[PDB]
Participant: 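Got a structure for you, written out below as structure tokens; questions coming shortly.
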Amino acid sequence: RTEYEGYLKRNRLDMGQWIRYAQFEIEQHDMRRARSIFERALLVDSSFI
RNA sequence: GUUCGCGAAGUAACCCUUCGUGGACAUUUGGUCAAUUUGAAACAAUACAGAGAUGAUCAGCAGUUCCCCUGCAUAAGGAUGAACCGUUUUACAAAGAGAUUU
Ligand SMILES: [K+]
Ligand SMILES: [K+]
Ligand SMILES: [K+]
């Protein structure tokens with residue numbers, strides 16, 4: 001989490017990294033965290049289908 | 001305490017003196033805070049190592065950041081102040097062929 005948050009802090013526009021971080025939380029079975037990551041990504045770019 | 005008024009005692013009687021009594025004057029400070037270990041300062045010390053773009057030695061200026069420090073500062077300086085360097089899979093479809101199955 002520290003790694004992913006560091007990268008997203010330095011470059012919030014990396015939508016691929018946002019998705020990979022959300023998937024990492026999915027693999028931890030922590031859907032609340034995954035949902036939060038997806039929501040934050042939608043806050044950055046809601047147009048990315 | 002003072003002062004205005006009244007009772008009284010002392011004095012021959014006033015002034016004056018004392019005991020009693022009513023009124024007037026003056027009227028609510030300070031704390032976000034307790035005095036060493038357990039509600040938060042840091043440097044330093046010991047060790048190792050010895051600065052980005054390079055084959056080598058270096059000037060830099062920036063940008064991004066939920067890192068700031070020094071400075072009066074919107075100046076300048078702090079290794080180009082530092083961190084930056086990793087990890088990376090699906091709007092996934094169309095046409096066709098040869099093998100698999102009833
Ligand atoms: K050196
Ligand atoms: K330099
Ligand atoms: K500089």
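Labels below follow one simple rule: chain letters A, B, ... track the order of the sequence lines, proteins then strands, and each chain is numbered from 1.
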Participant: How far, in whole Å, is B:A40 from B:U64 if one measures between their P atoms?
Facilitator: 36 Å
Participant: Only pairs with both distances under 3.5 Å count, Watson-Crick or wobble alike; so what is the partner of B:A26 in this structure?
Facilitator: none
Participant: Looking at the strand neighbours B:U29 and B:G30, are the centres of their six-membered rings under 5.5 angstrom apart while the planes meet at under 30 degrees?
Facilitator: yes
Participant: Take the six-membered rings of bases B:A56 and B:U57, measure centre-to-centre distance and interplanar angle, and say whether these fall under 5.5 Å and 30° respectively.
Facilitator: yes
Participant: Rounding to the closest angstrom, what is the interatomic distance between B:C43 and B:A34 at atom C1'?
Facilitator: 31 Å
Participant: Based on the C1'-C2'-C3'-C4' dihedral, does B:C19 have a north or a south sugar?
Facilitator: north
Participant: Can you measure A:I19 atom CD1 to B:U90 atom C1' for me and round it to whole angstrom units?
Facilitator: 10 Å
Participant: Quick test of your reading: by the Watson-Crick or G-U wobble rule with a 3.5 Å threshold, is B:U54 paired to B:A34?
Facilitator: no
Participant: If I take atom CZ in residue A:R20 and atom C1' in nucleotide B:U90, what distance separates them, rounded to the nearest angstrom?
Facilitator: 14 Å
Participant: What contact category does A:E5 fall into here, base, sugar-phosphate, or nothing, at under 4.0 angstrom with non-hydrogen atoms?
Facilitator: nothing
Participant: Quick one, A:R35 with A:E25, criterion side-chain contact (heavy atoms from CB on, under 4.5 Å). Give me CA distance, side-chain angles, the key distance, then yes/no.
Facilitator: CA-CA 9 Å; A:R35 283 167 182 154; A:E25 294 297 357; over 6 Å; no
Participant: Suppose you measure atom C1' in B:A8 against the same atom in B:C16; what distance do you get, rounded to whole Å?
Facilitator: 16 Å
Participant: Hey, what do you get for NZ (A:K9) to OG1 (A:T2), rounding to the nearest 0.5 Å?
Facilitator: 10.0 Å
Participant: Measuring only the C1' atom in each nucleotide, how far is B:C66 from B:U70? A whole number of Å is fine.
Facilitator: 23 Å
Participant: When the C1'-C2'-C3'-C4' sign is the only test used, does the sugar of B:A24 come out north or south?
Facilitator: north
Participant: In whole Å, I'd like the distance from the CG atom of A:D14 to the P atom of B:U64.
Facilitator: 17 Å
Participant: Starting at the 5' end of RNA chain B, which residue's closest nucleotide do you reach first, A:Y7 or A:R12?
Facilitator: A:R12
Participant: Can you check the distance between B:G1 and B:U36, where both ends of the measurement are the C1' atom (answer in whole Å)?
Facilitator: 49 Å
Participant: I'd like to know if B:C85 pairs with B:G7, where a pair means Watson-Crick or G-U wobble geometry with both distances below 3.5 Å.
Facilitator: no
Participant: Using both distances under 3.5 Å as the test, list the Watson-Crick or G-U wobble partner of B:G96, or none.
Facilitator: none
Participant: State yes or no: do A:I26 and A:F24 share one hydrophobic cluster built from I, L, V, M, F, W and Y residues joined by side-chain heavy-atom distances below 4.5 Å, directly or via other members?
Facilitator: no
Participant: Mind listing the side-chain donor-acceptor pairs of residues 39-49 of chain A below 3.5 Å, one per line with the distance, residues two or more places apart or on another chain?
Facilitator:
unit_1 : atom_1 : unit_2 : atom_2 : d
A:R40  : NH1    : A:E5   : OE2    : 3.0
A:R40  : NH2    : A:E5   : OE1    : 3.1
A:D45  : OD1    : A:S47  : N      : 3.0
A:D45  : OD1    : A:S47  : OG     : 2.7

Participant: Please confirm whether any donor atom in the side chain of A:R10 sits under 3.5 Å from an acceptor in the base of B:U64, or the reverse.
Facilitator: no
Participant: Please report, rounded to the nearest Å, how far the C1' atom of B:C66 is from the CZ atom of A:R40.
Facilitator: 10 Å
Participant: Is it the case that B:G50 and B:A51 stack, meaning their six-membered ring centres lie under 5.5 Å apart and the ring planes differ by under 30 degrees?
Facilitator: no
Participant: Should A:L13 and A:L8 be regarded as members of a common hydrophobic cluster, given that ILVMFWY residues are connected when their side-chain heavy atoms come within less than 4.5 Å of each other, either directly or indirectly?
Facilitator: yes
Participant: What integer number of Å spans the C1' atoms of B:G55 and B:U46?
Facilitator: 38 Å
Participant: Taking CD from A:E3 and P from B:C85, how many angstroms apart are they, rounded to a whole number?
Facilitator: 11 Å
Participant: Applying the Watson-Crick and G-U wobble criteria at under 3.5 Å, what pairs with B:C66? Answer none if nothing qualifies.
Facilitator: none
Participant: Using whole Å, what does the distance between atom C1' of nucleotide B:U88 and atom CE of A:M15 come to?
Facilitator: 15 Å
Participant: What is the pairing partner of B:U74, taking Watson-Crick or G-U wobble pairs with both distances under 3.5 Å in any strand?
Facilitator: none
Participant: Under a 3.5 Å cut-off for both distances, is B:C48 Watson-Crick or wobble paired, and to whom?
Facilitator: none
Participant: Cationic tip of A:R10 within the cone over A:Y7's six-membered ring, i.e. under 6.0 Å and within 45° of the normal?
Facilitator: yes
Participant: Would B:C33 and B:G39 qualify as a Watson-Crick or G-U pair, given that each of the two distances needs to be less than 3.5 Å?
Facilitator: no
Participant: Does A:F38 belong to the same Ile/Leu/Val/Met/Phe/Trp/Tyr cluster as A:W18, with side-chain heavy atoms less than 4.5 Å apart forming each link?
Facilitator: no
Participant: Do you know the tightest heavy-atom contact between A:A22 and A:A34?
Facilitator: O-CB, 3.7 Å
Participant: So, do B:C58 and B:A59 stack if we ask for centres under 5.5 Å and planes under 30°?
Facilitator: no
Participant: Using the P atom as the point on both nucleotides, what is the distance between B:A79 and B:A51, in whole Å?
Facilitator: 14 Å
Participant: Could you work out the separation of B:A53 and B:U57 based on their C1' atoms and round it to a whole Å?
Facilitator: 13 Å
Participant: Reading the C1'-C2'-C3'-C4' torsion of B:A91, is its sugar north or south?
Facilitator: south
Participant: Within the pair A:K9 and B:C67, is there a side-chain N or O less than 4.0 Å away from OP1 or OP2?
Facilitator: yes
Participant: Between A:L13 (CG) and B:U65 (P), how many Å, whole number?
Facilitator: 10 Å
Participant: Write down the distance between CZ (A:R1) and P (B:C66), rounded to a whole number of angstrom.
Facilitator: 22 Å
Participant: Does B:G63 pair with B:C84, Watson-Crick or G-U wobble, where both distances are under 3.5 Å?
Facilitator: yes
Participant: Mind telling me the pucker class of B:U38, north or south, from the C1'-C2'-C3'-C4' torsion?
Facilitator: south
Participant: Partner lookup for B:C15, please. Criteria are Watson-Crick or G-U wobble with both distances under 3.5 angstrom; report none if nothing qualifies.
Facilitator: none
Participant: Tell me yes or no: do the six-membered rings of B:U88 and its strand neighbour B:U89 sit under 5.5 Å apart at centre, with planes under 30°?
Facilitator: no
Participant: Based on the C1'-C2'-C3'-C4' torsion angle, does the furanose ring of B:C85 adopt a north or a south pucker?
Facilitator: south
